[PDB]
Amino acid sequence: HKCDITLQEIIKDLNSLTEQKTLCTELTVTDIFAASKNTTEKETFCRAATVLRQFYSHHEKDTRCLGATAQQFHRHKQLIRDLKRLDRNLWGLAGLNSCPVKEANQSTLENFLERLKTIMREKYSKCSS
């Protein structure tokens, strides 16, 4: 389970998401990586899945995000779809819903996603030769 191809599905989701730089991706999430470092891998996935679910739930219909042009609206729908896909995969890996996130620091979604990508690539690296 630990080195399951779900890791690749998550990295794929993150690669697409981290191309986005919009008003929406500058909006913030609670910075789960501002912690002093005290949770299991399962708990880390639960934390990340929780904040991203908060984000897409709150911003799927947000006027700052929805877009004026066809291209902007398309990119917004893609962002929400990919956030849901990534979230689905993170929950699968977490196997837990109970992981209260306490951090004060807010980071942009953009920076949060780049950090998660780093962590996920590290896990992948630790799984392969």
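Position 1 is the first residue in the sequence shown; the rest follow in order.
Averaging CA B factors per stretch from the PDB record, which one is higher: 114 to 122 or 20 to 28? Taking the mean B-factor of the alpha carbons in each, 20 to 28 is higher.
Mean Cα B-factor comparison, 37 to 45 or 74 to 82, giving the higher one as deposited: Higher mean C-alpha B-factor in the PDB entry: 37 to 45.
Per the PDB entry, which option out of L66, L90, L52, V101 has the greatest Cα B factor? Top of the list by C-alpha B-factor: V101.
Can you tell me whether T108 has a C-alpha B-factor in the lowest, middle or highest third compared with the other modelled residues of the same chain? It belongs to the lowest third of the chain when residues are ordered by C-alpha B-factor.
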